[PDB]
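# Structural characterization, general
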Amino acid sequence: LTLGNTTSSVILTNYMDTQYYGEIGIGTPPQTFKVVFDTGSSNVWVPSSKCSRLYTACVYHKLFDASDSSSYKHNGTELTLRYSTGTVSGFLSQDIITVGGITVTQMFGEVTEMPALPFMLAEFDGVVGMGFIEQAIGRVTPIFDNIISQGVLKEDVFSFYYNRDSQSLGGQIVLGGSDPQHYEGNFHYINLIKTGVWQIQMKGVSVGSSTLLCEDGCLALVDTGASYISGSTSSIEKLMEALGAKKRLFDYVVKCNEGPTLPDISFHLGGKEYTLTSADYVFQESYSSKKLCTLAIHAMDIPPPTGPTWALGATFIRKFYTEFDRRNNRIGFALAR
Ligand SMILES: Cc1ccc(S(=O)(=O)N[C@H]2CNC[C@@H](C(=O)NCC(c3ccccc3)c3ccccc3)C2)cc1
Ligand SMILES: *[C@@H]1O[C@H](CO)[C@@H](O)[C@H](O)[C@H]1NC(C)=O
């Protein structure tokens, strides 16, 4: 490993507190795409010009055209990428990628099959996987590994800041460090259970004062790509019963008026209790006894080897500025500013 003295930041756009995306440029001249920087995955992908316009999602997103890039290198290896909400398929291509002033030769997937659900709901075009090569489909080197190889970065770390929805900054990713302007106090690190996944041990989940869940220990995937905090269908049923929340098809709700009275939810990670108040987990659109308010906590049965696991997504990261440490295989949390 080579360490330089550079840090690079990417400004993120906050869409509705659920999608946080920045810009990247692919090719010569650059074709720009809005992308989600996802710690839960390791592949880079954008929609392809080769995507049939019978996929409505491709009609609604920016497409990569290799015929317009002078730096494009053909590959063609097929690939399928599975996510929680849906799936995408295409083929591999290589070209130059610009990410916050860093220029890297990157192998990425050109998506030719992108389902309307969920991709018609996405404000972003593609994805930039911030995970490890162990999770990469087709064993493609992830973009951070390629940026590490350049020996420009001050430290072998990257940081996430996700702001609350407002003409302010939507969020920020720092490559090579952290930004002290966005956190308070000190970072408290949790070592990874194993290299290859941004997953840590969780010692318990408490609703109110009582350690209601994850009593004998459980897993926590720190996922920048997930909008919500998620647990198993079982865990979430217990949690929701404790909150007085009723299950809908895609979410759990409470009557808007009962939102500010909901108890604090605590997550025991390392040597600290990471607490969320109802203001941190309820989408408080109104205060009406005649309306229903959604929660930023969802059931999600993540399959093995990764799952069963809880996922600490945007709901968590908004409260806690997150540092992902590749040199020491750990994750640091600090109160976000
Ligand atoms: C069935 C399944 C496969 C994989 C996972 S995982 O937890 O291992 N993978 C997560 C990686 N991070 C993104 C998660 C996700 O699907 N988030 C929804 C989101 C999105 C973000 C990045 C990449 C794909 C999907 C999203 C999609 C469309 C609109 C709004 C948000 C899945 C769980 C369950
Ligand atoms: C695609 O890229 C991988 C990268 O190592 C390489 O092994 C493979 O042979 C490439 N395929 C083609 C057809 O260029």
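Residues numbered from 1 in each chain as written, not as in the entry; some residues may be left out. Chains lettered and ligands numbered in written order. Heavy atoms only, no water.

Method of determination, as annotated in the archive: X-ray crystallography, at 2.60 Å resolution.

## Thoughts on the site of ligand 1
Not every one of the 17 residues close to ligand 1 is listed here, only the nearest: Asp38, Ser84, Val127, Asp223 and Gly225. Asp38 places a side-chain nitrogen or oxygen 2.8 Å from a nitrogen atom of ligand 1. Expressed as a share of its isolated accessible area of 710 Å², the protein-covered part of ligand 1 is 85%. Considering only residue class, the shell around ligand 1 consists of 10 nonpolar, five polar and two charged. Per-domain counts for the shell around ligand 1 show at least three residues from each of domain 1 (7-178) and domain 2 (179-336). (Near = heavy atom within 4 Å. Polar contact = N/O pair within 3.5 Å; in protein donor to acceptor, adjacent residues only side chain to side chain. Areas by Shrake-Rupley, 256 points an atom, 1.4 Å probe, with all protein chains shown as cover. Nonpolar A, V, L, I, M, F, W, Y, C, P; charged D, E, K, R; others polar. Domains from an automatic or database assignment.)

## Considering the sheet that holds strand 18 (residues 272-276)
Read across the open sheet, the seven strands follow the order 18-17-12-13-21-14-20; overall the sheet is mixed. Two strands close off the open sheet at either side, each with one partner strand: strand 18 and strand 20 (297-299). Strand-to-strand, the axes of this sheet are offset by a mean angle of 35°, without reference to chain direction. Of the pairings in the sheet, the one linking strand 12 (residues 199-207) to strand 17 (residues 265-269) comprises five bridges and is antiparallel in character. Bridge pairing in strand 17 links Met202 to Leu269. On the sheet, helix 4 (residues 233-243) packs against strand 12, strand 14 (229-231), strand 17, strand 20 and strand 21 (310-312) and is oriented at approximately 135° with respect to strand 20. (Pairing = 2+ DSSP bridges. Helix = DSSP H or I, 4+ residues; strand = E, 2+ residues; numbered from the N terminus. Axes fitted to C-alpha atoms, helices over the stretch in contact; angles between N-to-C directions. Contact = heavy atoms within 4.5 Å.)

## Notes on the nonpolar core
Judged by nonpolar contacts, the single largest core of 71 residues is most densely connected at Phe37, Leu175, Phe267, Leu269, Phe316 and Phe333. Two domains each provide a minimum of three residues to this core, namely domain 1 (7-178) and domain 2 (179-336). One finds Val36, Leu63, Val111 and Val140 within the second-largest nonpolar core, a separate group that totals 18 residues. (Core = buried A, V, L, I, M, F, W, Y, C linked by side-chain atoms within 4.5 Å. Buried < 20%, exposed > 50% of the residue type's maximum accessible area, 1.4 Å probe, protein only.)

## Quick look at the layout of surface pockets
Here the second largest pocket defines a volume of roughly 220 Å³. What lines the second largest pocket is a set of 13 residues, and nearest its centre among them are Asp17, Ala279, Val282, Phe283 and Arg318. Secondary-structure elements contributing two or more residues to the lining of the second largest pocket are helix 5 (278-281) and helix 6 (314-319). Taken together, the residues of the lining of the second largest pocket sort by class into six nonpolar, one polar and six charged. (1 Å grid on protein atoms, 1.4 Å probe; cavity = no way out; pocket = protein on both sides within 12 Å on 5 of 7 lines; lining within 4 Å. Points joined across faces, edges and corners; volume = space filled by probe spheres on them.)

## Here we look at the state of the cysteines
One pass over the structure, following the stated rule, counts three disulfides. With a sulfur-sulfur separation of 2.0 Å, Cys51 is cross-linked through a disulfide to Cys58. Its S-S torsion of approximately 95° makes the covalent link between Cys51 and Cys58 right-handed. For the pair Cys51 and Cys58, one class covers both residues: buried. (Disulfide = S-S within 2.5 Å.)

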